[PDB]
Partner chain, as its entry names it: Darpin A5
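Only one chain is shown below, in structure tokens, and it's the form deposited without its partner chain.
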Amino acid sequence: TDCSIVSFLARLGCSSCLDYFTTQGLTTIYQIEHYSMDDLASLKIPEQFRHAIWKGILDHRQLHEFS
């Protein structure tokens, strides 16, 4: 299912990154479900968080496919 980016990041310990999404009008996981690492870099997400967030996004993709 879709979910808020607030909820999604909280599960990954990446809540400090919320504003990078919200300032761009990004509020749901479906909006960012196909974001790559390059895309997260474009949002200016600090490097310490990027791989963790991206791996979370990939997991959501996979759960979505096999749901």
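Residue numbers count along the first chain shown, from 1.
Beyond the structure shown, there is the form solved in complex with its partner chain, which is absent from this document and is the topic of what follows.
K.L.:
Counting only heavy atoms and a 4.5 Å cut-off, does its partner chain in the entry with it bound sit next to every one of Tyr35, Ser42 and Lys55?
P.N.:
Contact check failed for every one of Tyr35, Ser42 and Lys55.
K.L.:
Please determine whether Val6 contacts its partner chain in the entry with it bound, using a 4.5 Å cut-off between heavy atoms.
P.N.:
Heavy-atom contact with its partner chain at 4.5 Å: present for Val6.
K.L.:
Answer for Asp59 alone: is it within 4.5 Å of its partner chain in the entry with it bound, judged on heavy atom distances?
P.N.:
So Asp59 does not count as contacting its partner chain.
K.L.:
If you look in the entry with it bound, which residues in 5-42 sit within 4.5 Å of its partner chain (heavy atoms)?
P.N.:
Contacts from 5-42: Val6, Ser7, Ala10, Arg11, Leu12, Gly13, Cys14, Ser15, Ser16, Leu18, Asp19, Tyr20, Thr22, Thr23, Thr27.
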